[PDB]
Structures are given as structure tokens and as C-alpha cells.
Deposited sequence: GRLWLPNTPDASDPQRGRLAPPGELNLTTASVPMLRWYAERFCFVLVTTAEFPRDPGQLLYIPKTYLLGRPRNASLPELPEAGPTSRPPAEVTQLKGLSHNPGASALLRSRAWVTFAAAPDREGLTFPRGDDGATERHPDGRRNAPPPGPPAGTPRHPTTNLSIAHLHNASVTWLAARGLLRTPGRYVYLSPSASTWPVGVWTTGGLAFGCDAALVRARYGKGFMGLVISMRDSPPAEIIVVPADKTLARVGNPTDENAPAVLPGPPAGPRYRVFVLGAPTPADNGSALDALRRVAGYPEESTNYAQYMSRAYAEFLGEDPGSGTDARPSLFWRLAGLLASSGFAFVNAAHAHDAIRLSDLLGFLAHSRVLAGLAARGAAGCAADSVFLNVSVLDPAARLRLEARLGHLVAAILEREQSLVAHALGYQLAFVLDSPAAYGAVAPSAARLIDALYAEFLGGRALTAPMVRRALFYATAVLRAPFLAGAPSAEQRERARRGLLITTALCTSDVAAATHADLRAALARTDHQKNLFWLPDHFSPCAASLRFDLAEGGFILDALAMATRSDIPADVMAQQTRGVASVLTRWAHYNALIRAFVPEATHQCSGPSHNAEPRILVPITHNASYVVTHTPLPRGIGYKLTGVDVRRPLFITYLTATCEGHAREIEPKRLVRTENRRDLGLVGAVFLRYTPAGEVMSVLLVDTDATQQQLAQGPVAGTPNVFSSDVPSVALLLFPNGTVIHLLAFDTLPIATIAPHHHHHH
């Protein structure tokens, strides 16, 4: 083909300076033939829509004519990000910064104002007091760890030392930003990835989900302005990105606003960085927003929620690394809590809001200097060892669990695993004793200790010793979670949230832990339990139909929380070969792993395999079945035969089950020791309120480790 573009002429009053170098002899007769290369020159062959009728022009320019805290890098050279933009599909297949039609991001309360540059409802992280020392992370003693709420480490040399860094928005629709990075926080699972990049004066945050479009927030000093780059329709002036109006220290920009609530969440998110300087206030609101999740989506993703949660955690890491540099110090209690709660929230967000499975959650925090981190982790490992030997305190052993949790290492979880199992055992004895496991210090210990006995399942492939240890902890926490404890745990949480203002009075989920969230009880949101939770509730100013709905939602949070695929996978015996017929797979309402070999499962339907018992005297509309599963395809129906007792009767290891005609299961108590076996062989002494007696008309079962289920006549309570 024939190319004959219109080179200009030195005379041209307009494109004249663009005529070709004499050298070339670019006459109208020569311009085909190509041969447009001239060393000292760059040529631009422009052609428009009307080609060939308009043969397009050939322009010539000499090559030489082309040659503090948070800065936009504009142009193609010598912008390091240039290449990444030029590779992108921006504006080719996506529009990452669409035309905003009056899309508005209102200013918000708590939003930093000229009066309060940190926030209206901010509660600033206090400075280390006058003349307090600032040790290195090496001379760290167990005594330090105990007075840890008042032991300060100097941030310099512990914190990552800032160094220049270029941030490329994933949209490729914004100029690269040059910053001094202070590290980052990233987390995700098999169905979501969030990545925050911190810089002095800046945060770069991408939230992505499997089945939802991404969200991007870019936080910068208030006097900076970020344009949307590459949209040809903004030839006059580039279209500044949408976002909230600029506060006192920060201005926030957003990409990929839209679908009602998606927009709402994203407003909340662009609001978060200006609201506080205390990593804690974010954590608190995070743990609160997590208890408010709607039951309806089930185990599906909740994009609205996850955005709010992920933005809260990223924002807390921003407040944390910021607060540090500020008064150049980190309270040891804050370092440990930040590392612990980061790990805790990232999991609750990914599991409850991104629809994921715990065995896939990950979290890479990197606000610390890498070398200092390795040192810190080595020392902490050693104190985990020391604590378990030197100290006797419950406070100390729970610090040892929480330390293993922060390290998230097999070695760590190794030292403390026996300790945690032995504690769980002790609490069951306190509960069988008649006491309540309500002291905050106790719940926090129960929280991390169950976390510890669970960790091997999440890392895959547990040892025989590791399975046995967790199985017993599950038989126990399921026993601890009676109907009464459940109803109570609704009242406590309701009362806890009421008390919090997210500043002076924070809300730490771990301190309000219940066995229910680490049980194998997934019936907690059924009808009979909501009624329990309501009759033991304090009157409020919420319509009855709503308070009931609010309850069901929290019931559902606790069951979803407690439901780990990896555990169910591990304590429901499957057969070695495929079983004929259509599996009637009913999801276990209660799972009782009574022997390492076998488990009982409580469901609303017969299963096709296993010894199956059908509970009698139970409302036909909401029936109860107890099935004894082992690795076999065989099934047998069996009647539940009645029995009386009466020095060793062989009850130990068996499980006591109380259920109502209403179809509710009140307690699944493990017959632990011999003392508990005798407490049972006597009967239900009047005026001796065991955990084995109820005032509610109900039937008593005893489930033996070997598959037989009997009817403890003597423990029934009639109307």
C-alpha cells in the first residue's frame, strides 16, 4: 500500500516548526518509500478517522526538544510508573474513574475540623509521660510484659524506616504518587484481597472481592489534588477525582463509586482516615460493626460490610504507624494488641464478610522494620517459654496464649498448647461446680486458648495429639454453651454495646467472648433460643418484632463464628468408600465428637448412614434426630430405651443431653470425671441445683461413647 502523509513546510504559520529536516528530501514524490528516520529527530505519524481520504500528517521534532513529602509524577519520563500505565488496559476495556453525575461525598461528624484536627470524637493516643525510658526490643523481660501497659519502646529502629516509594493506583487512571512509605498492611482469603500502603502523609488502599467490583481510596495531604488521567474528554482541565471535601490534615480521593449501599459503605470508608488517631477507636468500631451483620446472606459475601470492616482495619494501621512516629514511641501493650487484634479482625472480616473459610485467611502486617521484627519474634518466642515456666498467674498464661497467637508459629503454639488445654479443663470444672465464666480476664483467656487449640487445623494436617487435644476442648466448649449461657451471652453483649461510645469506652470482642462462639453448637438461632434470649433481656425502646430480629442476627453471628469448615471436616467420620444412594446430607445442628473414632450429630432429619435415634415427645413441626456416625455406610434406626442407675458405672466419657418438647436442646454436657459420674448416679437431689437438673419440662438422654443412647428417667422434669 501507499503512504503519502502531509508533511508541513517551513513556511506554514502553524505547524511550520514541524517541517522535516532538509536532509531527508521529503518531496511529495518521495514521502512514500517511507525512509522517515533521522537520528537527531523523532517523527509522529498522525492519522485520524477519515483515513485514507485524509492521508494524515507526518510531524517532525528534534529529540532534544523532548529531553517534598507527597508528589504526583507527571509525564512519561522520567516517571518510574510510566511503563505500568502504558501497559494497562485503562480506558481500553475499563473506565476506572467514570463521569460523576453530582456524585457527592458529604462531610461527616467525627470528621476532622479546624477546631479538632484529629477528630471531633477522637481520643488521642497519649504520649509516654515525662521522663519515661524507651527500651529496645531485646532487653524485654517477663516483668516488662506484665507492666506492659506502661512500658514504652522507642519507635526509631523498631518501626520501618521511611524510604522513597512510588504508588501506582491499580486503575492506571491516576498519575503515580511519590511518597515516603511507612510500610503497609495487607490481608485476604480465597475470595478477597485488601492492600493498604502507608506513607508519611499518605495512604493507598485497595479493597477487592471475588464477586464484586473493587474500591479504591487514596489519602493525601489536604493541599494536594489528584486528577483522573487519560480520559480524552478532559482535554481542557483534568477531571479531579471524586471524594469528600478536604479536612484539616488530609484530603481523601476515591475511585469506583457506583446499587444503593455499595455507595454508602464507600462514603463511610473515605471518612475513616480523618476520624481518629488512635488505632484502638477503629478496632472497637470494627468489632461492633461485625456483631451487627444481617443473618440473611448466610455464608455468602456481604460487600457492604466487608468494605466497612476492611477500611476500618487499614485505617487503624494508618493511625497506629502515625501515632508512633508522632511522639516517637510505642506502648508495648499497644504493639501487642495491634498485632493481636489485627490478626483477629482480619479473620472475622474474611470469614463473616468475604464469605471465606478460615483455613485460607492470611494477614501480612509490615509497619515494623523487618530486621527488628525477626528479633522481636525471637524474643517473644523465648518469653512464651519463660512465662509457661516461671509465672503461675492466670493473667500470665493468657498473655502466653495471646503471644503465641501474635506469632502464629507452630513452635509458639507448641509451648502453650498443653497449658491451654489444661485451662479449658479447669473452666469446665468451675462450671460443673456451679460458677460462671464471666470475668473479662477469664473470657479473654478462653478466647486465645481456644484459638491456640484450633490453630493446627487452620494450618492443615494436625497430629494425633493435636486432634485429641482440640476434640476435648470442643466437647467442653459445647458443654459450656448451654441454653442458659446462650441467653445470657445475648444479654451481656447487648449490654456491652450499650456501654460503648467508641472513645472513652471501647468494645473489645475478645473480652466478651463466650463458649458459644467456640462450640460445635449451630442451633443457637432457632426459635426456642430467641425466646430464651428475650425473656432474659432488659426492656428497651425497640419494638418487640425488631428486638427479636436483632437477636436472631446475633444468634446467627455466633453460630457462623463458631462454624469452622476445618473442624467439622475433621470430627465428622466419613466412610472409606463411596456410599450408594443420594447422600442426604443434613448439616449438623449440634456436633458431639464423643470418641476419636465416632461422633454424634444432631439434625432435623434422619441421615442415611450411622446409628440413628429419633427423639420422642417432640413437636412434629420441629423434630430432633441424634445420629451416631462412624466410618461406615450402614445405618440402623434404634429406639431409645429407658434406664436407672446404681462404684464405677462406666458413665465417664458419655454425654448428657437435655431437650424440650418444643424441640430445643438445653445442654450437651460431657460426663468428664468420676465426681461428675457420682453427681449423676444419685439422681437429681431436690435443692441441689446441678448443671444436670432443670426447672424446664424436658427429657434427659445419656449418649455413650459406643453409639448407644438411653433415656435417664430419673432426670426428666415433668410439668
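- According to the record, C-alpha coordinates are lacking for deposited residues 1, 69-89, 281-284, 673-677, 751-762.
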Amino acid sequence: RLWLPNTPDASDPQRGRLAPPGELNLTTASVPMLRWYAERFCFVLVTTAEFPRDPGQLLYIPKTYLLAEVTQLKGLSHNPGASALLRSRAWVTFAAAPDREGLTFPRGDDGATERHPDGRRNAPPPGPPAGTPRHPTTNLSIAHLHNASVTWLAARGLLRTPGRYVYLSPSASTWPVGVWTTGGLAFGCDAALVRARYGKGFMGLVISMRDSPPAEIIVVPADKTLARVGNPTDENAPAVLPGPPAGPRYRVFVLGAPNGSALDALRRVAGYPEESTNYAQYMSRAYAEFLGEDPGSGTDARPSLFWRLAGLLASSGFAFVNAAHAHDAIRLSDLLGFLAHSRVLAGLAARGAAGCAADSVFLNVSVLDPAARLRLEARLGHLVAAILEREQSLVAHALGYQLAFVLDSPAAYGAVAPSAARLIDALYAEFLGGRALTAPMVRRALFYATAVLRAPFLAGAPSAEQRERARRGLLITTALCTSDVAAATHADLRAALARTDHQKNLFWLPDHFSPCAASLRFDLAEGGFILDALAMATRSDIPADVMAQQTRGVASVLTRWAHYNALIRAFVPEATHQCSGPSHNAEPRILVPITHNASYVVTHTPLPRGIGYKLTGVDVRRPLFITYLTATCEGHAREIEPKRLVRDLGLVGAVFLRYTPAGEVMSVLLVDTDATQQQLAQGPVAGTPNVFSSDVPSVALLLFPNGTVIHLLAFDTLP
From here on, numbers count along this sequence of modelled residues.
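- The deposited model assigns a higher average Cα B-factor to 225-233 than to the other stretch when 443-451 and 225-233 are compared.
- With 686-694 and 57-65 compared on mean CA B-factor from the PDB entry, the stretch scoring higher is 686-694.
- Of the residues listed, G201, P176, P418, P370, the entry assigns the biggest Cα temperature factor to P370.
- Of the candidates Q550, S342, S169, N139, the PDB record gives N139 the highest C-alpha temperature factor.
- The entry lists a Cα temperature factor for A324 that places it in the highest third of the chain's modelled residues.
- In this PDB entry, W180 carries a Cα temperature factor that places it within the middle third of its chain's modelled residues.
- In the deposited entry, the Cα temperature factor of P462 places it in the middle third of its chain's modelled residues.
- Among the modelled residues of its chain, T489 has a C-alpha B-factor that falls in the middle third, as given in the PDB entry.
- Ranked by Cα temperature factor within the chain, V206 sits in the lowest third according to the deposited record.
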